[PDB]
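A quick write-up on the structure given underneath.
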Number of protein chains: 2
Amino acid sequence: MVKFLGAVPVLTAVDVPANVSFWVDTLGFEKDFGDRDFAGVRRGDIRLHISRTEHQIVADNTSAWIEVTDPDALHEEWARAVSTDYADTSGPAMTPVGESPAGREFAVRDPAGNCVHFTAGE
Amino acid sequence: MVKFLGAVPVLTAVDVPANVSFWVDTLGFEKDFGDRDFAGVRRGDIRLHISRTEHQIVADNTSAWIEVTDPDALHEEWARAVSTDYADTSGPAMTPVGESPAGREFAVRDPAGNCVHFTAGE
């Protein structure tokens with residue numbers, strides 16, 4: 001009987017080392033492995049891969065959902081280091097906490113253009 | 001503290017209903033919700049979201065890793081339902097199971113173009 005244990009979303013980026021540096025140095029993830037074509041980061045029980053793409057439009061349409069125990073606490077931690085004005089596409093930024101079919105969540109747009117949602121989970 | 005519980009990859013598809021039917025009716029996932037724009041499927045402890053996109057090139061560059069207990073048994077189970085001629089782009093298909101940098105695994109390309117890897121876990 002095959003058990004499905006975990007899922008690893010794949011974010012995409014034109015510049016993998018630069019996007020890895022944001023997840024690690026700014027959001028606090030840890031680097032698992034990686035080079036210029038493909039890297040792995042992790043935090044807690046989850047992992048994210050970052051794969052190189054030659055087309056920017058692929059990354060501006062890439063997204064993922066991450067479940068966390070407390071989106072509001074995580075939002076305030078990251079609010080001191082990430083712009084809270086999401087409409088400014090001059091750089092990475094974060095939305096305010098809001099509500100969705102799954103409950104409280106917020107999103108982060110990384111420098112590569114990926115949109116990752118941080119949603120309440122149990 | 002803030003705990004990270006699980007991650008949900010987002011597959012993309014120009015035709016969401018069709019790609020959801022592949023995952024649910026061919027590969028045995030369960031459908032949690034979905035319309036023409038967004039859907040979620042699940043199996044065991046993991047979930048996948050499927051988001052509509054207007055550019056085929058996004059789907060053809062979207063990928064995900066799923067960790068499973070035994071890829072070889074899972075490949076057998078789908079071997080009747082899915083073509084093993086990976087090269088045949090006429091439709092979905094999968095690779096043989098073999099070693100890879102992520103570990104022993106195989107991959108499936110779904111009707112929308114996403115490439116999902118099924119890797120032995122722990």
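Following the order of the structure tokens, chains are lettered A, B, ..., residues in each are numbered from 1, and ligands are numbered from 1.
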Sel. of alpha helix (DSSP H) residues, stretch 19-114 of chain B, as a VMD selection string: chain B and resid 19 to 21 56 to 59 71 to 78
Next, write the just-selected residues to a file, as a compact mmCIF listing (two decimals), in the first residue's frame, keeping C-alpha atoms as the atom set.
```
# COMPACT_ATOMS: atom_id res chain seq x y z
CA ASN B 19 -6.43 17.92 -15.87
CA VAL B 20 -8.46 17.37 -12.70
CA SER B 21 -10.13 14.38 -14.35
CA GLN B 56 0.60 26.83 -22.30
CA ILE B 57 4.25 27.57 -21.67
CA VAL B 58 3.64 28.04 -17.97
CA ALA B 59 2.12 24.55 -17.72
CA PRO B 71 7.82 4.39 -6.20
CA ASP B 72 8.28 1.00 -7.82
CA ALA B 73 4.94 -0.25 -6.55
CA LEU B 74 3.24 2.98 -7.51
CA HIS B 75 4.63 2.78 -11.03
CA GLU B 76 3.21 -0.72 -11.40
CA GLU B 77 -0.22 0.41 -10.23
CA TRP B 78 -0.43 3.13 -12.83
```
Using only C-alpha atoms, which residues of chain A come within 9 Å of chain B, and what is the closest atom pair for each, with the distance in Å to one decimal? Give it as JSON lines, sorted by chain and residue number.
```
{"residue": "A:1", "atom": "CA", "partner": "B:73", "partner_atom": "CA", "distance": 8.2}
{"residue": "A:2", "atom": "CA", "partner": "B:69", "partner_atom": "CA", "distance": 5.9}
{"residue": "A:3", "atom": "CA", "partner": "B:69", "partner_atom": "CA", "distance": 5.6}
{"residue": "A:4", "atom": "CA", "partner": "B:68", "partner_atom": "CA", "distance": 4.6}
{"residue": "A:5", "atom": "CA", "partner": "B:67", "partner_atom": "CA", "distance": 5.4}
{"residue": "A:6", "atom": "CA", "partner": "B:67", "partner_atom": "CA", "distance": 5.2}
{"residue": "A:7", "atom": "CA", "partner": "B:66", "partner_atom": "CA", "distance": 4.4}
{"residue": "A:8", "atom": "CA", "partner": "B:65", "partner_atom": "CA", "distance": 4.9}
{"residue": "A:9", "atom": "CA", "partner": "B:9", "partner_atom": "CA", "distance": 4.2}
{"residue": "A:10", "atom": "CA", "partner": "B:64", "partner_atom": "CA", "distance": 5.5}
{"residue": "A:11", "atom": "CA", "partner": "B:62", "partner_atom": "CA", "distance": 8.5}
{"residue": "A:12", "atom": "CA", "partner": "B:62", "partner_atom": "CA", "distance": 8.2}
{"residue": "A:43", "atom": "CA", "partner": "B:4", "partner_atom": "CA", "distance": 7.0}
{"residue": "A:44", "atom": "CA", "partner": "B:4", "partner_atom": "CA", "distance": 5.3}
{"residue": "A:45", "atom": "CA", "partner": "B:4", "partner_atom": "CA", "distance": 5.7}
{"residue": "A:46", "atom": "CA", "partner": "B:6", "partner_atom": "CA", "distance": 5.7}
{"residue": "A:47", "atom": "CA", "partner": "B:7", "partner_atom": "CA", "distance": 7.6}
{"residue": "A:48", "atom": "CA", "partner": "B:7", "partner_atom": "CA", "distance": 8.1}
{"residue": "A:49", "atom": "CA", "partner": "B:64", "partner_atom": "CA", "distance": 8.5}
{"residue": "A:53", "atom": "CA", "partner": "B:61", "partner_atom": "CA", "distance": 7.7}
{"residue": "A:55", "atom": "CA", "partner": "B:57", "partner_atom": "CA", "distance": 8.8}
{"residue": "A:57", "atom": "CA", "partner": "B:58", "partner_atom": "CA", "distance": 7.3}
{"residue": "A:58", "atom": "CA", "partner": "B:58", "partner_atom": "CA", "distance": 4.8}
{"residue": "A:59", "atom": "CA", "partner": "B:58", "partner_atom": "CA", "distance": 8.2}
{"residue": "A:61", "atom": "CA", "partner": "B:58", "partner_atom": "CA", "distance": 7.0}
{"residue": "A:62", "atom": "CA", "partner": "B:62", "partner_atom": "CA", "distance": 7.6}
{"residue": "A:63", "atom": "CA", "partner": "B:10", "partner_atom": "CA", "distance": 6.0}
{"residue": "A:64", "atom": "CA", "partner": "B:9", "partner_atom": "CA", "distance": 5.2}
{"residue": "A:65", "atom": "CA", "partner": "B:8", "partner_atom": "CA", "distance": 5.0}
{"residue": "A:66", "atom": "CA", "partner": "B:7", "partner_atom": "CA", "distance": 4.4}
{"residue": "A:67", "atom": "CA", "partner": "B:6", "partner_atom": "CA", "distance": 5.4}
{"residue": "A:68", "atom": "CA", "partner": "B:4", "partner_atom": "CA", "distance": 4.7}
{"residue": "A:69", "atom": "CA", "partner": "B:3", "partner_atom": "CA", "distance": 5.5}
{"residue": "A:70", "atom": "CA", "partner": "B:2", "partner_atom": "CA", "distance": 6.0}
{"residue": "A:71", "atom": "CA", "partner": "B:2", "partner_atom": "CA", "distance": 8.1}
{"residue": "A:73", "atom": "CA", "partner": "B:2", "partner_atom": "CA", "distance": 7.2}
{"residue": "A:74", "atom": "CA", "partner": "B:2", "partner_atom": "CA", "distance": 6.6}
{"residue": "A:121", "atom": "CA", "partner": "B:5", "partner_atom": "CA", "distance": 7.0}
{"residue": "A:122", "atom": "CA", "partner": "B:5", "partner_atom": "CA", "distance": 7.5}
```
Could you write those residues out with N, CA, C and O atoms, as a short mmCIF file (atom, residue, chain, number, x, y, z; two decimals), in the first residue's frame?
```cif
data_model
loop_
_atom_site.label_atom_id
_atom_site.label_comp_id
_atom_site.auth_asym_id
_atom_site.auth_seq_id
_atom_site.Cartn_x
_atom_site.Cartn_y
_atom_site.Cartn_z
N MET A 1 0.80 -1.21 0.00
CA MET A 1 0.00 0.00 0.00
C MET A 1 0.84 1.28 0.00
O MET A 1 1.48 1.55 1.03
N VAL A 2 0.79 2.02 -1.12
CA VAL A 2 1.62 3.23 -1.17
C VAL A 2 1.03 4.41 -0.40
O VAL A 2 -0.04 4.95 -0.61
N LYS A 3 1.85 4.84 0.54
CA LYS A 3 1.64 6.00 1.38
C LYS A 3 2.24 7.25 0.72
O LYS A 3 3.38 7.25 0.27
N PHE A 4 1.46 8.32 0.67
CA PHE A 4 2.00 9.57 0.15
C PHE A 4 2.47 10.42 1.31
O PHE A 4 1.61 10.88 2.09
N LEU A 5 3.75 10.68 1.53
CA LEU A 5 4.27 11.33 2.72
C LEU A 5 4.37 12.84 2.81
O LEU A 5 4.25 13.38 3.90
N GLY A 6 4.62 13.50 1.70
CA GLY A 6 4.86 14.92 1.62
C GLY A 6 4.96 15.40 0.18
O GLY A 6 5.06 14.63 -0.76
N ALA A 7 4.85 16.71 0.01
CA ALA A 7 4.87 17.30 -1.31
C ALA A 7 5.91 18.42 -1.29
O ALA A 7 6.03 19.11 -0.27
N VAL A 8 6.63 18.58 -2.39
CA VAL A 8 7.63 19.64 -2.52
C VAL A 8 7.24 20.56 -3.69
O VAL A 8 7.38 20.31 -4.89
N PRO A 9 6.69 21.74 -3.40
CA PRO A 9 6.41 22.64 -4.53
C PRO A 9 7.72 23.07 -5.21
O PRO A 9 8.79 23.11 -4.55
N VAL A 10 7.62 23.45 -6.48
CA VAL A 10 8.80 23.96 -7.22
C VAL A 10 8.52 25.40 -7.66
O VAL A 10 7.68 25.67 -8.52
N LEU A 11 9.24 26.33 -7.05
CA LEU A 11 9.24 27.71 -7.47
C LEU A 11 10.20 27.83 -8.68
O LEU A 11 11.12 27.02 -8.86
N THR A 12 9.97 28.82 -9.53
CA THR A 12 10.87 28.95 -10.68
C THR A 12 11.54 30.32 -10.65
O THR A 12 11.02 31.25 -10.04
N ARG A 43 12.22 24.74 5.75
CA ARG A 43 12.03 25.39 7.03
C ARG A 43 11.08 24.53 7.85
O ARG A 43 9.99 24.26 7.37
N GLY A 44 11.44 24.07 9.07
CA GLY A 44 10.40 23.28 9.73
C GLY A 44 10.17 21.98 8.97
O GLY A 44 11.15 21.40 8.47
N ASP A 45 8.92 21.53 8.86
CA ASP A 45 8.66 20.25 8.19
C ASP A 45 8.48 20.41 6.69
O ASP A 45 8.08 19.42 6.07
N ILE A 46 8.74 21.58 6.10
CA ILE A 46 8.48 21.62 4.66
C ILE A 46 9.76 21.93 3.91
O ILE A 46 10.70 22.47 4.50
N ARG A 47 9.72 21.52 2.63
CA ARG A 47 10.79 21.86 1.70
C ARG A 47 10.21 22.59 0.48
O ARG A 47 9.05 22.40 0.08
N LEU A 48 11.00 23.43 -0.17
CA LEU A 48 10.66 24.05 -1.42
C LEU A 48 11.83 23.86 -2.39
O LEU A 48 12.95 24.09 -1.97
N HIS A 49 11.58 23.50 -3.63
CA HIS A 49 12.68 23.51 -4.59
C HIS A 49 12.60 24.82 -5.39
O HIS A 49 11.55 25.45 -5.53
N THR A 53 14.44 28.78 -14.77
CA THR A 53 13.60 28.92 -15.95
C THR A 53 14.19 30.01 -16.85
O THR A 53 14.84 30.96 -16.38
N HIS A 55 12.27 31.56 -19.06
CA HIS A 55 11.18 32.49 -19.35
C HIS A 55 10.62 33.13 -18.09
O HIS A 55 10.07 32.42 -17.24
N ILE A 57 7.98 34.77 -17.65
CA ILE A 57 6.54 34.69 -17.49
C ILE A 57 6.16 33.41 -16.74
O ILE A 57 5.08 33.34 -16.18
N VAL A 58 7.05 32.41 -16.78
CA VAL A 58 6.77 31.17 -16.04
C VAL A 58 6.81 31.50 -14.55
O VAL A 58 5.96 31.08 -13.79
N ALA A 59 7.79 32.27 -14.08
CA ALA A 59 7.90 32.56 -12.65
C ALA A 59 6.83 33.51 -12.19
O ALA A 59 6.31 33.47 -11.06
N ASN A 61 3.94 33.42 -12.89
CA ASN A 61 2.70 32.67 -12.84
C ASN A 61 2.88 31.44 -11.96
O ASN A 61 1.98 30.60 -11.89
N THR A 62 4.02 31.33 -11.29
CA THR A 62 4.25 30.19 -10.42
C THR A 62 3.72 30.48 -9.02
O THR A 62 3.87 31.61 -8.58
N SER A 63 3.11 29.50 -8.36
CA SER A 63 2.62 29.79 -6.99
C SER A 63 2.66 28.57 -6.14
O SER A 63 2.82 27.47 -6.66
N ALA A 64 2.49 28.71 -4.81
CA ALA A 64 2.41 27.55 -3.96
C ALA A 64 1.68 27.95 -2.69
O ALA A 64 1.47 29.13 -2.45
N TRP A 65 1.24 26.99 -1.91
CA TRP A 65 0.51 27.20 -0.66
C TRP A 65 1.31 26.48 0.42
O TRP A 65 1.75 25.33 0.23
N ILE A 66 1.49 27.19 1.52
CA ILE A 66 2.21 26.56 2.61
C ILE A 66 1.30 26.65 3.84
O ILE A 66 0.81 27.74 4.12
N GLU A 67 1.11 25.60 4.57
CA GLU A 67 0.29 25.71 5.80
C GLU A 67 1.14 25.96 7.01
O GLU A 67 2.15 25.26 7.14
N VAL A 68 0.70 26.94 7.82
CA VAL A 68 1.40 27.30 9.05
C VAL A 68 0.42 27.38 10.23
O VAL A 68 -0.77 27.46 9.95
N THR A 69 0.91 27.33 11.46
CA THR A 69 0.00 27.31 12.64
C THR A 69 -0.58 28.69 12.89
O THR A 69 -1.67 28.83 13.45
N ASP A 70 0.15 29.74 12.50
CA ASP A 70 -0.22 31.11 12.86
C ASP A 70 0.25 32.16 11.87
O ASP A 70 1.31 32.78 11.98
N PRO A 71 -0.60 32.36 10.89
CA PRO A 71 -0.25 33.29 9.81
C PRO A 71 -0.03 34.69 10.33
O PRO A 71 0.81 35.47 9.86
N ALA A 73 1.18 35.71 13.29
CA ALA A 73 2.49 35.84 13.89
C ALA A 73 3.60 35.81 12.84
O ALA A 73 4.62 36.51 12.93
N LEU A 74 3.36 34.96 11.83
CA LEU A 74 4.45 34.90 10.80
C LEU A 74 4.47 36.21 10.01
O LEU A 74 5.50 36.79 9.67
N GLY A 121 -3.23 26.34 9.11
CA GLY A 121 -3.41 24.90 8.93
C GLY A 121 -3.50 24.28 10.32
O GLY A 121 -3.23 24.95 11.31
N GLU A 122 -3.87 23.01 10.33
CA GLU A 122 -3.88 22.24 11.57
C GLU A 122 -3.34 20.84 11.26
O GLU A 122 -3.02 20.19 12.27
#
```
Minimum-distance residue to residue B:23, chosen among B:36, B:84, B:41, B:101 (using only C-alpha atoms):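 Counting only C-alpha atoms, the residue closest to residue B:23 is B:41.
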Between atom CA of residue A:81 and atom CA of residue A:115 - distance in Å to one decimal: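 Computing it gives 16.9 Å between the two atoms.
Those residues that approach residue A:94 to within 7 Å, counting only C-alpha atoms, are residues 82, 83, 84, 85, 86, 107, 108 and 109 of chain A; same-chain residues fewer than 6 positions away are not listed.
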Atom-to-atom span, atom CA of residue B:40 and atom CA of residue A:98, Å: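 If I compute the distance from atom CA of residue B:40 to atom CA of residue A:98, I get 20.2 Å.
For the atom pair formed by atom CA of residue A:88 and atom CA of residue A:52, the distance is 24.3 Å, given to one decimal.
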